[PDB]
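S.K.: Sending over entry.cif (mmCIF, C-alpha atoms and all ligand atoms).
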data_final
#
loop_
_atom_site.label_atom_id
_atom_site.label_comp_id
_atom_site.auth_asym_id
_atom_site.auth_seq_id
_atom_site.Cartn_x
_atom_site.Cartn_y
_atom_site.Cartn_z
CA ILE K 1 5.96 9.14 3.99
CA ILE K 2 7.46 12.62 3.23
CA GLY K 3 5.96 15.72 4.76
CA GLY K 4 3.47 13.93 7.07
CA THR K 5 3.05 13.47 10.78
CA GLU K 6 3.05 10.59 13.24
CA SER K 7 -0.34 8.76 13.29
CA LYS K 8 -2.16 8.48 16.69
CA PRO K 9 -1.13 4.98 17.78
CA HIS K 10 -3.55 2.22 16.64
CA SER K 11 -5.87 4.76 14.87
CA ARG K 12 -5.48 2.85 11.57
CA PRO K 13 -6.02 -0.74 12.78
CA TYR K 14 -6.14 -2.18 9.26
CA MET K 15 -2.51 -1.21 8.52
CA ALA K 16 -0.15 -4.16 7.76
CA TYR K 17 3.63 -4.04 7.92
CA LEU K 18 5.19 -6.51 5.46
CA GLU K 19 8.64 -8.00 5.60
CA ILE K 20 9.56 -9.50 2.27
CA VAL K 21 12.14 -12.26 2.00
CA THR K 22 14.03 -12.87 -1.26
CA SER K 23 16.60 -15.49 -1.86
CA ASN K 24 19.44 -13.37 -3.05
CA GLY K 25 19.32 -10.18 -0.84
CA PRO K 26 18.33 -8.85 2.63
CA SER K 27 14.77 -8.24 3.59
CA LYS K 28 12.63 -5.52 2.05
CA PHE K 29 9.43 -3.86 3.36
CA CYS K 30 6.04 -2.72 2.19
CA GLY K 31 2.68 -1.71 3.61
CA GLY K 32 -0.63 -3.36 3.00
CA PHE K 33 -4.05 -3.49 4.59
CA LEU K 34 -6.43 -6.13 6.06
CA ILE K 35 -9.54 -6.52 3.95
CA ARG K 36 -10.65 -9.82 5.54
CA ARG K 37 -9.53 -11.60 8.74
CA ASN K 38 -7.24 -13.71 6.50
CA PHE K 39 -6.45 -11.44 3.51
CA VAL K 40 -4.07 -8.51 3.11
CA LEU K 41 -4.15 -6.28 0.02
CA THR K 42 -0.87 -4.84 -1.20
CA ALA K 43 1.16 -4.11 -4.39
CA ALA K 44 2.29 -6.81 -6.69
CA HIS K 45 5.82 -5.29 -6.75
CA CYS K 46 6.02 -6.36 -3.06
CA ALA K 47 5.97 -10.04 -4.01
CA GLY K 48 8.88 -12.30 -2.80
CA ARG K 49 9.89 -15.77 -1.78
CA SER K 50 8.00 -15.42 1.54
CA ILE K 51 6.33 -12.69 3.49
CA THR K 52 5.54 -12.14 7.19
CA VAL K 53 2.82 -9.62 8.15
CA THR K 54 2.79 -7.66 11.44
CA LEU K 55 -0.60 -6.30 12.47
CA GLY K 56 -1.36 -4.06 15.52
CA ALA K 57 1.90 -2.14 15.20
CA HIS K 58 2.72 1.53 15.70
CA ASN K 59 6.42 1.72 16.62
CA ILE K 60 7.75 -1.22 14.63
CA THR K 61 10.88 -1.56 16.86
CA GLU K 62 8.90 -1.99 20.16
CA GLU K 63 7.04 -5.22 20.59
CA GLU K 64 3.70 -4.94 22.43
CA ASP K 65 0.65 -7.08 23.28
CA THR K 66 -1.28 -5.56 20.30
CA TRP K 67 1.17 -7.27 17.88
CA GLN K 68 -0.03 -10.13 15.66
CA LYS K 69 2.68 -11.54 13.50
CA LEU K 70 1.21 -13.88 10.92
CA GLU K 71 2.54 -16.13 8.31
CA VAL K 72 1.43 -15.70 4.64
CA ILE K 73 0.60 -19.14 3.10
CA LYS K 74 0.09 -18.01 -0.54
CA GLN K 75 0.58 -14.87 -2.58
CA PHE K 76 -1.99 -14.10 -5.29
CA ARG K 77 -0.22 -11.62 -7.56
CA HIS K 78 -2.38 -10.20 -10.34
CA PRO K 79 -1.73 -12.46 -13.38
CA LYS K 80 -1.33 -9.45 -15.77
CA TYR K 81 1.11 -7.54 -13.60
CA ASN K 82 3.61 -6.08 -16.07
CA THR K 83 7.05 -5.02 -15.25
CA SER K 84 7.35 -2.90 -18.38
CA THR K 85 4.16 -0.81 -18.25
CA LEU K 86 3.74 -1.22 -14.51
CA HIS K 87 -0.05 -1.93 -14.95
CA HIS K 88 -2.04 -4.13 -12.58
CA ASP K 89 0.21 -3.53 -9.56
CA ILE K 90 -1.96 -5.42 -7.05
CA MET K 91 -1.71 -8.63 -4.91
CA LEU K 92 -3.72 -10.46 -2.29
CA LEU K 93 -1.91 -12.35 0.54
CA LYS K 94 -3.65 -15.18 2.19
CA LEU K 95 -2.85 -15.53 5.88
CA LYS K 96 -2.33 -18.92 7.59
CA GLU K 97 -4.88 -18.02 10.32
CA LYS K 98 -7.59 -15.50 10.82
CA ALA K 99 -6.43 -12.42 12.63
CA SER K 100 -8.02 -11.61 16.02
CA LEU K 101 -10.22 -8.47 16.12
CA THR K 102 -8.92 -6.17 18.82
CA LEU K 103 -8.84 -2.41 19.43
CA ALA K 104 -5.63 -2.38 17.40
CA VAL K 105 -6.51 -4.79 14.56
CA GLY K 106 -9.52 -4.66 12.25
CA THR K 107 -10.52 -4.82 8.59
CA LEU K 108 -11.18 -2.07 6.15
CA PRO K 109 -14.19 -3.40 4.09
CA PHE K 110 -15.30 -1.84 0.59
CA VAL K 117 -13.74 8.68 -7.45
CA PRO K 118 -12.97 12.01 -9.29
CA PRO K 119 -10.13 14.81 -9.10
CA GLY K 120 -10.16 17.44 -6.42
CA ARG K 121 -10.67 15.31 -3.32
CA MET K 122 -8.25 15.17 -0.33
CA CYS K 123 -7.27 11.65 0.61
CA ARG K 124 -4.88 10.17 3.27
CA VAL K 125 -2.08 7.65 2.93
CA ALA K 126 -0.12 5.99 5.77
CA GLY K 127 3.07 4.00 6.03
CA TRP K 128 6.41 3.16 7.72
CA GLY K 129 8.50 4.27 4.73
CA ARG K 130 11.34 6.72 4.32
CA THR K 131 10.54 10.26 5.57
CA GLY K 132 12.98 11.82 3.05
CA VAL K 133 14.87 11.00 -0.06
CA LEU K 134 17.95 10.07 1.97
CA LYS K 135 16.42 9.15 5.34
CA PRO K 136 15.76 5.74 6.82
CA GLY K 137 12.35 4.22 7.15
CA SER K 138 10.26 5.52 9.96
CA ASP K 139 10.02 3.66 13.30
CA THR K 140 6.47 4.86 13.71
CA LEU K 141 3.41 4.91 11.37
CA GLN K 142 3.20 8.23 9.58
CA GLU K 143 0.37 9.74 7.54
CA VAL K 144 -0.15 12.59 5.05
CA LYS K 145 -3.02 14.23 3.24
CA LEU K 146 -2.75 14.30 -0.59
CA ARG K 147 -4.80 15.86 -3.34
CA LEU K 148 -6.36 13.73 -6.10
CA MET K 149 -5.32 15.26 -9.39
CA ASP K 150 -6.69 15.35 -12.96
CA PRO K 151 -5.13 12.63 -15.13
CA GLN K 152 -3.28 15.28 -17.15
CA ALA K 153 -1.04 15.98 -14.16
CA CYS K 154 0.41 12.46 -14.62
CA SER K 155 0.99 12.58 -18.37
CA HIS K 156 4.81 12.53 -18.03
CA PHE K 157 4.41 8.91 -16.75
CA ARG K 158 4.13 7.47 -20.19
CA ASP K 159 2.34 4.41 -19.20
CA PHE K 160 -0.09 6.06 -16.87
CA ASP K 161 -3.71 5.07 -17.67
CA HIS K 162 -6.57 6.93 -15.96
CA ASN K 163 -8.93 3.86 -16.13
CA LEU K 164 -6.51 1.74 -14.10
CA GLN K 165 -4.74 4.29 -11.95
CA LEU K 166 -5.12 7.44 -9.83
CA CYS K 167 -2.89 10.49 -10.11
CA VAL K 168 -2.09 11.63 -6.56
CA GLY K 169 -0.34 14.60 -5.07
CA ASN K 170 -0.24 18.36 -5.86
CA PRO K 171 3.01 19.08 -7.60
CA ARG K 172 3.31 22.44 -5.66
CA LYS K 173 3.76 20.56 -2.36
CA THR K 174 6.40 18.18 -1.12
CA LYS K 175 4.04 15.65 0.44
CA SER K 176 4.39 12.10 -0.90
CA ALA K 177 4.61 8.35 -0.19
CA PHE K 178 8.08 7.04 -0.64
CA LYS K 179 10.20 3.80 -0.41
CA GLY K 180 8.72 1.39 2.10
CA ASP K 181 5.19 2.83 1.69
CA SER K 182 4.32 0.65 -1.39
CA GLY K 183 1.02 -1.20 -1.01
CA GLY K 184 -0.50 1.08 1.54
CA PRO K 185 -4.05 2.35 1.03
CA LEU K 186 -5.22 5.71 -0.13
CA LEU K 187 -8.31 6.53 1.92
CA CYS K 188 -10.83 9.05 0.65
CA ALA K 189 -13.76 9.59 3.18
CA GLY K 190 -12.79 6.37 5.00
CA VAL K 191 -12.88 4.08 1.96
CA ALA K 192 -9.85 2.61 0.33
CA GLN K 193 -9.70 3.98 -3.29
CA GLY K 194 -6.08 3.18 -4.19
CA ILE K 195 -2.76 1.48 -3.33
CA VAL K 196 0.66 3.13 -3.46
CA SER K 197 2.33 1.97 -6.71
CA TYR K 198 5.10 4.17 -8.10
CA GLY K 199 6.48 7.61 -8.79
CA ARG K 200 9.68 9.62 -9.42
CA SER K 201 12.95 8.72 -7.80
CA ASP K 202 13.21 12.26 -6.50
CA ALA K 203 9.75 12.14 -4.97
CA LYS K 204 8.43 15.14 -6.83
CA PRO K 205 4.64 14.62 -6.99
CA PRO K 206 2.34 13.56 -8.39
CA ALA K 207 2.60 9.77 -7.99
CA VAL K 208 0.66 6.77 -9.44
CA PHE K 209 -1.71 4.66 -7.31
CA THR K 210 -3.58 1.50 -8.38
CA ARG K 211 -7.30 2.27 -8.81
CA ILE K 212 -8.93 -0.35 -6.61
CA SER K 213 -12.44 -0.18 -8.25
CA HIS K 214 -11.21 -1.47 -11.56
CA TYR K 215 -9.89 -4.67 -9.77
CA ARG K 216 -13.00 -5.48 -7.68
CA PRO K 217 -14.23 -8.36 -9.88
CA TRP K 218 -10.71 -9.93 -9.61
CA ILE K 219 -10.59 -9.40 -5.87
CA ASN K 220 -14.02 -11.00 -5.43
CA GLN K 221 -13.06 -14.01 -7.46
CA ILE K 222 -10.00 -14.71 -5.23
CA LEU K 223 -11.89 -14.11 -1.96
CA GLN K 224 -14.85 -16.38 -3.01
CA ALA K 225 -12.61 -19.32 -4.10
CA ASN K 226 -10.52 -19.17 -0.87
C1 LIG X 301 5.38 -0.90 -10.08
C2 LIG X 301 6.79 -1.03 -9.52
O1 LIG X 301 7.02 0.08 -8.63
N1 LIG X 301 8.29 -0.02 -8.08
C3 LIG X 301 8.52 0.68 -7.04
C4 LIG X 301 9.87 0.63 -6.33
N2 LIG X 301 9.84 0.47 -4.83
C5 LIG X 301 10.44 -0.74 -4.39
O2 LIG X 301 10.87 -1.57 -5.18
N3 LIG X 301 10.42 -0.99 -3.06
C6 LIG X 301 11.04 -2.16 -2.36
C7 LIG X 301 10.02 -3.08 -1.70
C8 LIG X 301 9.39 -4.02 -2.64
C9 LIG X 301 11.96 -1.34 -1.41
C10 LIG X 301 13.28 -1.08 -1.77
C11 LIG X 301 14.12 -0.27 -0.96
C12 LIG X 301 13.63 0.28 0.25
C13 LIG X 301 14.54 1.09 1.12
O3 LIG X 301 14.06 1.59 2.21
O4 LIG X 301 15.75 1.31 0.67
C14 LIG X 301 12.30 -0.02 0.64
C15 LIG X 301 11.49 -0.83 -0.17
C16 LIG X 301 9.34 1.48 -4.02
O5 LIG X 301 9.44 1.47 -2.78
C17 LIG X 301 8.74 2.74 -4.69
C18 LIG X 301 8.52 3.81 -3.65
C19 LIG X 301 8.03 5.11 -4.19
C20 LIG X 301 6.66 5.46 -4.04
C21 LIG X 301 6.21 6.67 -4.57
CL1 LIG X 301 4.58 7.08 -4.34
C22 LIG X 301 7.08 7.52 -5.22
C23 LIG X 301 8.39 7.17 -5.42
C24 LIG X 301 8.90 5.91 -4.92
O6 LIG X 301 10.17 5.42 -5.03
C25 LIG X 301 11.24 6.11 -5.69
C26 LIG X 301 7.42 2.28 -5.35
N4 LIG X 301 7.51 1.45 -6.52
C1 LIG X 302 10.33 3.49 19.03
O1 LIG X 302 10.62 2.51 20.06
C2 LIG X 302 12.02 2.46 20.44
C3 LIG X 302 12.34 1.28 21.36
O2 LIG X 302 11.40 1.54 22.44
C4 LIG X 302 12.46 3.82 20.94
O3 LIG X 302 13.88 3.80 21.13
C5 LIG X 302 12.28 4.89 19.86
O4 LIG X 302 12.56 6.23 20.32
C6 LIG X 302 10.80 4.87 19.42
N1 LIG X 302 10.68 5.81 18.34
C7 LIG X 302 9.78 6.84 18.45
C8 LIG X 302 8.69 7.05 19.46
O5 LIG X 302 9.82 7.60 17.53
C1 LIG X 303 3.58 -6.01 -20.86
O1 LIG X 303 2.87 -4.96 -21.63
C2 LIG X 303 3.48 -4.74 -22.96
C3 LIG X 303 2.69 -3.66 -23.71
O2 LIG X 303 1.34 -3.90 -23.19
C4 LIG X 303 3.42 -6.08 -23.73
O3 LIG X 303 3.98 -5.88 -25.03
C5 LIG X 303 4.06 -7.20 -22.89
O4 LIG X 303 3.94 -8.44 -23.53
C6 LIG X 303 3.34 -7.36 -21.50
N1 LIG X 303 3.89 -8.62 -20.88
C7 LIG X 303 5.14 -8.76 -20.35
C8 LIG X 303 5.48 -10.21 -20.01
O5 LIG X 303 5.93 -7.79 -20.15
ZN ZN X 304 0.05 0.11 21.62
#
What do you get writing this file as structure tokens?

M.R.:
Amino acid sequence: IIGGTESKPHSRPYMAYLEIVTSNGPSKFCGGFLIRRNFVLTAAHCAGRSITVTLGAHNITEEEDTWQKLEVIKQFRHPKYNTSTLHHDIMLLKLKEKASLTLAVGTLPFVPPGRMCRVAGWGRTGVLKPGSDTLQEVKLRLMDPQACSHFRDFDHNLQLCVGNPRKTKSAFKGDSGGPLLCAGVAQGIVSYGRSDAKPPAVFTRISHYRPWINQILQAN
């Protein structure tokens, strides 16, 4: 997160920290969020050979009793996820066990331009800075779809256009998959933007994918 501030520890108990294993490189990281005691929502571009999820974290380098580290048994990447157009950037992760409900760990159960929303993550705090140790958050403006025109594949039915171009606030590398909360409901998921972090950025519009989400959760 660029231009944000450190979150009050454990104030976003649905936040998931994802470590992504691939077979040919070192580990990568994404955010995500707990929608059911055994399901994490995140971005399809976070998929890999295997993933481990840490719940209950604030400072990701300092183990504490709030931590729940859980194995992912299956990844359900959206079947239409397209690496050319970048549409349908969404994935469910099924956890091996049900997470415990604690002060630090809970679910986040289930919109037009103008509204201020919040995003949170452990990602880079600058173009050339490392990922944050601690969970950071920022407030971002929802924009009219026109503000995202220069993303040629942007589609207002599937995606939200997020961040006032006059400000430097943005999600960045490592924040992928994290929720956009507007009035305490998750409305989007960090998807993509410019390499230089100049806003706005493109978030997956969660309402369009609700039938798909329900179908996976009911069959599992
Ligand atoms: C639809 C496909 O979208 N692809 C990406 C690229 N991307 C990654 O590939 N991230 C991997 C994790 C899967 C990654 C790579 C490097 C690092 C690092 O810290 O170097 C962290 C995570 C990302 O992390 C991007 C982060 C990001 C978010 C926004 Cl909102 C704006 C710009 C931006 O990156 C330049 C998001 N999307
Ligand atoms: C996170 O925890 C580590 C190990 O305790 C500590 O060195 C580091 O300063 C912490 N980072 C913070 C609070 O930003
Ligand atoms: C991705 O989308 C483009 C345009 O919609 C399409 O031509 C392509 O077949 C889709 N599938 C893949 C596998 O990229
Ligand atoms: Zn704690």

S.K.: Write out as AutoDock Vina command-line options an axis-aligned box for segment 68-82 of chain K: all of its atoms listed in the file, 4 Å added on each side, centre and edge lengths in Å with one decimal.

M.R.:
--center_x 0.6 --center_y -12.6 --center_z -0.2 --size_x 14.0 --size_y 21.1 --size_z 39.7

S.K.: What's the 8 Å shell around residue 68 of chain K, counting only C-alpha atoms, without same-chain residues fewer than 3 positions away, as a list in words?

M.R.: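 Contacts, with the query itself left out: residues 54, 55, 56 and 99 of chain K.
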
S.K.: Pick out the residues no farther than 8 Å from ligand LIG 302 (chain X), counting all atoms listed in the file, and list them as a PyMOL selection string.

M.R.: chain K and resi 59-62+138-140

S.K.: I'd like the contact shell of segment 150-166 of chain K - 6 Å cut-off, all atoms listed in the file, skipping same-chain residues fewer than 2 positions apart - returned as a VMD selection string.

M.R.: chain K and resid 85 119 208 to 211

S.K.: As a PDB file with C-alpha atoms, in the coordinates of the input, please: the residues near residue 223 of chain K (cut-off 12 Å, all atoms listed in the file, same-chain neighbours under 5 positions excluded).

M.R.:
ATOM      1  CA  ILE K  35      -9.540  -6.520   3.950  1.00  0.00           C
ATOM      2  CA  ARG K  36     -10.650  -9.820   5.540  1.00  0.00           C
ATOM      3  CA  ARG K  37      -9.530 -11.600   8.740  1.00  0.00           C
ATOM      4  CA  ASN K  38      -7.240 -13.710   6.500  1.00  0.00           C
ATOM      5  CA  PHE K  39      -6.450 -11.440   3.510  1.00  0.00           C
ATOM      6  CA  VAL K  40      -4.070  -8.510   3.110  1.00  0.00           C
ATOM      7  CA  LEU K  41      -4.150  -6.280   0.020  1.00  0.00           C
ATOM      8  CA  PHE K  76      -1.990 -14.100  -5.290  1.00  0.00           C
ATOM      9  CA  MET K  91      -1.710  -8.630  -4.910  1.00  0.00           C
ATOM     10  CA  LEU K  92      -3.720 -10.460  -2.290  1.00  0.00           C
ATOM     11  CA  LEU K  93      -1.910 -12.350   0.540  1.00  0.00           C
ATOM     12  CA  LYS K  94      -3.650 -15.180   2.190  1.00  0.00           C
ATOM     13  CA  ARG K 216     -13.000  -5.480  -7.680  1.00  0.00           C
ATOM     14  CA  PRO K 217     -14.230  -8.360  -9.880  1.00  0.00           C
ATOM     15  CA  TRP K 218     -10.710  -9.930  -9.610  1.00  0.00           C
TER      16      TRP K 218
END

S.K.: Do you know which residues are within 9 Å of ligand ZN 304 (chain X) using only C-alpha atoms and all ligand atoms? Can you write them as number ranges by chain?

M.R.: K: 9-10, 56-59, 63-67, 104

S.K.: For atom CA of residue 220 of chain K and atom CA of residue 89 of chain K, quote the distance in Å rounded to one decimal.

M.R.: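 Separating atom CA of residue 220 of chain K from atom CA of residue 89 of chain K is a distance of 16.6 Å.
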
S.K.: Which distance in Å separates atom CA of residue 142 of chain K and atom CA of residue 195 of chain K, to one decimal?

M.R.: 15.7 Å

S.K.: Around ligand LIG 301 (chain X), at most 8 Å away and counting all atoms listed in the file, which residues are there? Put them as a PyMOL selection string, please.

M.R.: chain K and resi 20+28-30+43-47+83+86-87+89+129-130+136-137+176-182+196-209

S.K.: Restricted to C-alpha atoms, what would the selected residues look like written as a PDB file, in the frame of the given file?

M.R.:
ATOM      1  CA  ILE K  20       9.560  -9.500   2.270  1.00  0.00           C
ATOM      2  CA  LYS K  28      12.630  -5.520   2.050  1.00  0.00           C
ATOM      3  CA  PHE K  29       9.430  -3.860   3.360  1.00  0.00           C
ATOM      4  CA  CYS K  30       6.040  -2.720   2.190  1.00  0.00           C
ATOM      5  CA  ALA K  43       1.160  -4.110  -4.390  1.00  0.00           C
ATOM      6  CA  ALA K  44       2.290  -6.810  -6.690  1.00  0.00           C
ATOM      7  CA  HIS K  45       5.820  -5.290  -6.750  1.00  0.00           C
ATOM      8  CA  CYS K  46       6.020  -6.360  -3.060  1.00  0.00           C
ATOM      9  CA  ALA K  47       5.970 -10.040  -4.010  1.00  0.00           C
ATOM     10  CA  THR K  83       7.050  -5.020 -15.250  1.00  0.00           C
ATOM     11  CA  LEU K  86       3.740  -1.220 -14.510  1.00  0.00           C
ATOM     12  CA  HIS K  87      -0.050  -1.930 -14.950  1.00  0.00           C
ATOM     13  CA  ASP K  89       0.210  -3.530  -9.560  1.00  0.00           C
ATOM     14  CA  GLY K 129       8.500   4.270   4.730  1.00  0.00           C
ATOM     15  CA  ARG K 130      11.340   6.720   4.320  1.00  0.00           C
ATOM     16  CA  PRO K 136      15.760   5.740   6.820  1.00  0.00           C
ATOM     17  CA  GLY K 137      12.350   4.220   7.150  1.00  0.00           C
ATOM     18  CA  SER K 176       4.390  12.100  -0.900  1.00  0.00           C
ATOM     19  CA  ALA K 177       4.610   8.350  -0.190  1.00  0.00           C
ATOM     20  CA  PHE K 178       8.080   7.040  -0.640  1.00  0.00           C
ATOM     21  CA  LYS K 179      10.200   3.800  -0.410  1.00  0.00           C
ATOM     22  CA  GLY K 180       8.720   1.390   2.100  1.00  0.00           C
ATOM     23  CA  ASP K 181       5.190   2.830   1.690  1.00  0.00           C
ATOM     24  CA  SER K 182       4.320   0.650  -1.390  1.00  0.00           C
ATOM     25  CA  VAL K 196       0.660   3.130  -3.460  1.00  0.00           C
ATOM     26  CA  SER K 197       2.330   1.970  -6.710  1.00  0.00           C
ATOM     27  CA  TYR K 198       5.100   4.170  -8.100  1.00  0.00           C
ATOM     28  CA  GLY K 199       6.480   7.610  -8.790  1.00  0.00           C
ATOM     29  CA  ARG K 200       9.680   9.620  -9.420  1.00  0.00           C
ATOM     30  CA  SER K 201      12.950   8.720  -7.800  1.00  0.00           C
ATOM     31  CA  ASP K 202      13.210  12.260  -6.500  1.00  0.00           C
ATOM     32  CA  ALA K 203       9.750  12.140  -4.970  1.00  0.00           C
ATOM     33  CA  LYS K 204       8.430  15.140  -6.830  1.00  0.00           C
ATOM     34  CA  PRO K 205       4.640  14.620  -6.990  1.00  0.00           C
ATOM     35  CA  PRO K 206       2.340  13.560  -8.390  1.00  0.00           C
ATOM     36  CA  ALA K 207       2.600   9.770  -7.990  1.00  0.00           C
ATOM     37  CA  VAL K 208       0.660   6.770  -9.440  1.00  0.00           C
ATOM     38  CA  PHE K 209      -1.710   4.660  -7.310  1.00  0.00           C
TER      39      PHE K 209
END

S.K.: Would you mind listing what lies within 9 Å of residue 22 of chain K as a list in words, with all atoms listed in the file counted and same-chain residues fewer than 3 positions away left out?

M.R.: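 Once the adjacent positions are removed, what remains is residues 25, 26, 27, 28, 47, 48, 49 and 50 of chain K.
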
S.K.: What would the list of residues within 8 Å of (5.7, 9.9, 8.6) (file frame) look like as a PyMOL selection string, if all atoms listed in the file are what count?

M.R.: chain K and resi 1-7+126-131+138+140-144

S.K.: Between atom CA of residue 100 of chain K and atom CA of residue 53 of chain K, what is the distance, to one decimal in Å?

M.R.: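 Atom-to-atom, atom CA of residue 100 of chain K and atom CA of residue 53 of chain K are spaced 13.5 Å apart.
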
S.K.: Starting from the point (-9.9, 6.1, 2.4), work out which residues of protein, DNA or RNA have an atom no more than 10 Å away when counting only C-alpha atoms; state them as a CSV table (one decimal) with C-alpha atoms, in the frame of the given file.

M.R.:
chain,number,residue,atom,x,y,z
K,108,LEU,CA,-11.2,-2.1,6.2
K,110,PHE,CA,-15.3,-1.8,0.6
K,122,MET,CA,-8.2,15.2,-0.3
K,123,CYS,CA,-7.3,11.6,0.6
K,124,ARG,CA,-4.9,10.2,3.3
K,125,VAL,CA,-2.1,7.6,2.9
K,185,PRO,CA,-4.0,2.4,1.0
K,186,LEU,CA,-5.2,5.7,-0.1
K,187,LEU,CA,-8.3,6.5,1.9
K,188,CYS,CA,-10.8,9.0,0.6
K,189,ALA,CA,-13.8,9.6,3.2
K,190,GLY,CA,-12.8,6.4,5.0
K,191,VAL,CA,-12.9,4.1,2.0
K,192,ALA,CA,-9.8,2.6,0.3
K,193,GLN,CA,-9.7,4.0,-3.3
K,194,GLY,CA,-6.1,3.2,-4.2

S.K.: For residue 214 of chain K, which residue out of K:172, K:135, K:80, K:88 is the nearest one, using all atoms listed in the file?

M.R.: K:88

S.K.: Return the single residue from K:77, K:147, K:12, K:173 that is closest to residue 107 of chain K, with distances computed using all atoms listed in the file.

M.R.: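 So, comparing all the options, the nearest one is K:12.
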
S.K.: K:17, K:95, K:33, K:175: which is nearest residue 226 of chain K, counting all atoms listed in the file?

M.R.: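 For residue 226 of chain K, the nearest of the given residues is K:95.
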
S.K.: Measuring between only C-alpha atoms and all ligand atoms, which one of K:11, K:84, K:23, K:42 shows the shortest distance to ligand LIG 303 (chain X)?

M.R.: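 Among the listed residues, K:84 lies closest to ligand LIG 303 (chain X).
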
S.K.: Mind completing segment 61-72 of chain K with N, CA, C and O atoms? Output as a short mmCIF file (atom, residue, chain, number, x, y, z; two decimals), in the coordinates of the input, please?

M.R.:
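Done, and the output landed in part35.cif:
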data_model
loop_
_atom_site.label_atom_id
_atom_site.label_comp_id
_atom_site.auth_asym_id
_atom_site.auth_seq_id
_atom_site.Cartn_x
_atom_site.Cartn_y
_atom_site.Cartn_z
N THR K 61 9.71 -1.08 16.17
CA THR K 61 10.88 -1.56 16.86
C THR K 61 10.53 -1.95 18.30
O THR K 61 11.35 -2.34 18.96
N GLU K 62 9.30 -1.78 18.72
CA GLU K 62 8.90 -1.99 20.16
C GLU K 62 7.70 -2.94 20.23
O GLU K 62 6.57 -2.57 19.90
N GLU K 63 8.02 -4.19 20.50
CA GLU K 63 7.04 -5.22 20.59
C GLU K 63 6.00 -4.90 21.71
O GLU K 63 6.34 -4.43 22.76
N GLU K 64 4.75 -5.12 21.44
CA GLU K 64 3.70 -4.94 22.43
C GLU K 64 2.62 -6.03 22.29
O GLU K 64 2.59 -6.73 21.27
N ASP K 65 1.75 -6.08 23.29
CA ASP K 65 0.65 -7.08 23.28
C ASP K 65 -0.28 -6.92 22.09
O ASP K 65 -0.93 -7.90 21.69
N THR K 66 -0.45 -5.74 21.56
CA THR K 66 -1.28 -5.56 20.30
C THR K 66 -0.73 -6.30 19.05
O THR K 66 -1.52 -6.50 18.09
N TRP K 67 0.56 -6.68 19.09
CA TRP K 67 1.17 -7.27 17.88
C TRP K 67 0.54 -8.62 17.52
O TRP K 67 0.37 -9.44 18.38
N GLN K 68 0.23 -8.80 16.23
CA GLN K 68 -0.03 -10.13 15.66
C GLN K 68 0.85 -10.35 14.49
O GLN K 68 0.78 -9.56 13.54
N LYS K 69 1.79 -11.27 14.56
CA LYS K 69 2.68 -11.54 13.50
C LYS K 69 2.18 -12.81 12.83
O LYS K 69 2.07 -13.80 13.46
N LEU K 70 1.84 -12.80 11.55
CA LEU K 70 1.21 -13.88 10.92
C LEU K 70 1.94 -14.27 9.69
O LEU K 70 2.38 -13.42 8.92
N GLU K 71 1.95 -15.57 9.45
CA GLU K 71 2.54 -16.13 8.31
C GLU K 71 1.56 -16.00 7.09
O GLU K 71 0.31 -16.19 7.24
N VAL K 72 2.13 -15.69 5.92
CA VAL K 72 1.43 -15.70 4.64
C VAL K 72 1.59 -17.09 4.06
O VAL K 72 2.71 -17.56 3.91
#
